[PDB]
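One chain comes next, on its own, written as structure tokens: the form deposited in one PDB entry.
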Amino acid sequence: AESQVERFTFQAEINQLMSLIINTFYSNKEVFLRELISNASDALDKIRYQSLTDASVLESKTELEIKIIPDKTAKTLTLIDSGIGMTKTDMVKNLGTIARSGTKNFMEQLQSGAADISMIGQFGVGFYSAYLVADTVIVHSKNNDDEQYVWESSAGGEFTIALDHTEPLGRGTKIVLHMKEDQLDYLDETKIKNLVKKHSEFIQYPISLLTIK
């Protein structure tokens, strides 16, 4: 097999944020689940609204749903949506190379005490909450306008993007969190089942919890 892999450097402030998220103790890291579900919901909304003005956008995948997959053997939590998806350029621009002023301000407020980790989503950097519980994050995504791509980072100032040769999504995003050893309790069946219930009260799309044994 062969793949071309492109390597990118994180914007300096995003690199600093990732370092802060990883190298500091946080008591309650539950916000990561809220943020991942929120992104899935937003993506489903986007394709849903696009369909109202152009019905054909749904032809790649008719269902609009979220699947959450804890896998203890693999030490992974996977969240799949059939939302809008991201092109390669979408992933480069949205997941590391561009920072908004929310990043600097969040780090300031974390240090001053004005903000805690649970408010990360108010600063426009909700995605990076994944690194509270994960050593490596892998983002597989398929947008109607591009081939399926896979973004991966274990922080440390770099991410990679490659044409995806794993299972076709049709359309949407599959995010795979490789869980830190001390955060593996997030993969416990009843714990994740109940947290999903807790962080999906206002979600208007079906959620399926698929526990891998």
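One-based numbering along the sequence shown. Shifts are known only where both forms have a C-alpha. Throughout, rigid core stands for the largest set of C-alpha atoms superposing within 1.5 Å between the two forms.
The form deposited in another entry is left out here; the points below concern that form.
With the core fitted between the shown form and the other one, just one of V92, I138, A99, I80 shows a Cα displacement of at least 2 Å, namely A99. The pair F106 and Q183 separates in the other form: their C-alpha atoms are at least 3 Å more distant from each other than in the form depicted. Distance between the C-alpha atoms of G102 and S129: longer in the other form than here (change of 3 Å or more). In sequence order, the runs of at least 3 consecutive residues whose Cα atoms each shift by 2 Å or more between the shown form and the other one, relative to the superposed core, are 97-114, 122-124.
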